[PDB]
Structure formats: structure tokens, C-alpha cells
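Commentary on secondary and tertiary structure
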Amino acid sequence: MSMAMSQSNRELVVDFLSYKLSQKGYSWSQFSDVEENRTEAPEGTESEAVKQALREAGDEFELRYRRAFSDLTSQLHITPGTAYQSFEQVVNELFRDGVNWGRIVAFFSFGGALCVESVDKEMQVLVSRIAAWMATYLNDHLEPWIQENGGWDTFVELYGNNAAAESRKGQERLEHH
């Protein structure tokens, strides 16, 4: 459908969203509305490099930037019939001054918050729609856009270690006044 490594990028978005789903209290053995999921599971071999880089980079950015995380889910919790229109509103809002470091880094928080709000509303049937539509349009062109070498190669190179680089409060500072 798009790219040859689509399975790798689709697995990354689905891995963070699958980890957060269970982190709230979701068990695969809970049978939550006849839930099982079994068809070409993720983790083709290792995927531990990027998984650890996303968990460390996303834990630090979420723990240092939980301000907009709440406003994101508080503006678009979950609808009974999501669409591209809703996805365009969240993307156009984050794309106003944030790409990759803010669009993607915050996207993991948007997909995890929308998934937990649907499962609690019995709307888990839409979680596969929002997760596929978001993971598709993301890896489609949003992956090769900036995540190409400045994301996959940057995350594997730095090991997804971005704590002080995010806060931007540990540089030379002092520009005016």
C-alpha cells in the first residue's frame, strides 16, 4: 500500500498503543467484548531498539509535557463514528508549530488516550479504525517525511534519550533581558 517497511512502522505505533492499553488495566485474557487479536502479530525479530527508544523518549516528553496531553484527549476524547475530519483537526493543530518532536511524540499520547476512552465506552470496535487510519497515514508519508533518517536513525543513534534536550533548560540560555 505504501513503502516496504510499512510493517515496521505500523508495528511501532501499534506497540506504543498496545502497551498503553494494558497499562491502564487492559488484560488480553480479560475477554473485553470478545477481544483476542491474532493475525500476524508484531515483533518480527527484535524491534527492541526502537521500542525502547519510543518508551524512553515518550515517557520523558509525556512526563515533561503533560500539559497539552490532557487538552488533546479533552478536546477529542472519542466519538461513536470517527473520521478523517477529526484526524485532520488533531494533525492541523499539532502541525501549527510541531512536527515529529511534537506531532509524533504527542501522537502516541493521542492514540493511547483515544483507545482507553473507547474500550471503556464499549467502542473498542473503533480502536482498530483510528489505530489503522492513524498508523497508515502516519507511516504512509509522515514516516519518510522527517522520521526517515531524522527519526529512525536518530532514535536508534541516541537510543531515544531526550530528557534535557526537550526541556531546553540546560543550554547556554540568556538571549535577551
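Residues numbered from 1 in each chain as written, not as in the entry; some residues may be left out. Heavy atoms only, no water.

**Points about the overall build of the protein chain**
Of the regular secondary structure elements, the protein chain holds 8 helices and 0 strands. Ordered by position from N to C terminus, the α and β elements of the protein chain give α-α-α-α-α-α-α-α. A compact globule built from 177 residues would reach a C-alpha radius of gyration of about 16 Å, and the protein chain, at 17 Å, matches this within 12%. Its C-alpha atoms put the protein chain at 60 × 35 × 30 Å along the principal axes. When burial is assessed residue by residue, the protein chain has 35% of its 177 residues classed as buried. Look at the contacts in the protein chain between residues 6 or more apart in sequence, and 76% of them connect residues 24 or more apart. The protein chain carries 16 positive and 28 negative side-chain charges, and their two centres are separated by 6 Å. (Helix = DSSP H or I, 4+ residues; strand = E, 2+ residues; numbered from the N terminus. Rg over C-alpha atoms; globule rule 2.2 N^0.38 Å. Buried < 20%, exposed > 50% of the residue type's maximum accessible area, 1.4 Å probe, protein only. Contact = heavy atoms within 4.5 Å. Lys, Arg positive; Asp, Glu negative; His and termini not counted. Charge placed at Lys NZ, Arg CZ, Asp CG, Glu CD.)

**Overview of the packing of helix α1 (residues 6–23) against helix α6 (residues 124–150)**
Helix packing geometry: the angle between the two helix axes and the distance between the axes. Where α1 meets α6, the closest approach of the two axes is 9 Å, and the angle between their N-to-C directions is 135 degrees. If you check the angle between α1 and α6, you find them oblique. The crossing of α1 and α6 is right-handed. The segment α1 lies against α6, with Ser6, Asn9, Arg10, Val13 and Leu17 engaging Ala131, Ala135, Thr136, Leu138, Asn139 and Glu143. Tallied by class, residues from the contact of α1 with α6 come to 5 nonpolar, 4 polar and 2 charged. (Axes fitted to C-alpha atoms, helices over the stretch in contact; angles between N-to-C directions. Parallel < 35°, antiparallel > 145°, perpendicular 65-115°, else oblique. Left-handed = near helix turned anticlockwise from the far one by under 90°. Nonpolar A, V, L, I, M, F, W, Y, C, P; charged D, E, K, R; others polar.)

**A few points about the side chain of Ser118**
Mapped onto the secondary structure, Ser118 falls in helix α5 (residues 103–120). Setting aside residues no more than four positions away along its own chain, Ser118 makes contact with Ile78, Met123, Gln124, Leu126 and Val127.

**Re the UniProt feature "short sequence motif: BH3" in the protein chain**
The sites that UniProt annotates as "short sequence motif: BH3" are residues 50–64. Helix makes up 100% of residues 50–64 and strand 0%, and the two end C-alpha atoms of the span are 20 Å apart. (UniProt positions renumbered as here; feature names shortened; annotations may be inferred.)

**Thoughts on helix α2 (residues 48–64)**
Under the 1.5 Å per step criterion, the end-to-end length of α2 is 24 Å for 17 residues, consistent within 8% with the ideal 24 Å. Taken as a whole, α2 has its buried residues at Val50, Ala53, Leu54, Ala57, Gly58, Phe61 and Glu62. Buried residues in α2, looked at end-on, bunch into an arc of 140 degrees, giving them a common side. Residues of α2 that are exposed and point over 90 degrees away from its buried face: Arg55, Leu63 and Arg64. (Expected span 1.5 Å × (residues − 1). Arc of directions from axis to C-beta.)

**Notes on the pattern of salt bridges**
Using the criterion set out here, one finds 1 salt bridge in the structure. In this structure, the salt-bridge partner of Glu36 is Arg38, at a minimum N-O distance of 3.9 Å. With relative accessibility at 52%, the residue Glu36 sits in the exposed group. By relative accessible area, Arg38 is classed as exposed at 65%. (Salt bridge = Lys/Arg side-chain N within 4 Å of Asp/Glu carboxyl O.)

**Some points on the side chain of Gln147**
Along the polypeptide, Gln147 turns up in helix α6. In this structure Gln147 comes out as buried when scored by relative accessible area, which is 6%. Ignoring sequence-local partners within four residues, the contact set of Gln147 consists of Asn100, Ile104, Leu138, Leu142 and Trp152.

**Quick notes on the environment of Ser118**
Look at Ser118 and you get buried, because its relative accessible area is 0%. Linking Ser118 and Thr79, residues 39 residues apart in sequence, is a C-alpha distance of 8.2 Å. At 2.9 Å, the side chain of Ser118 and the backbone oxygen of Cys115 are in polar contact. (Polar contact = N/O pair within 3.5 Å; in protein donor to acceptor, adjacent residues only side chain to side chain.)

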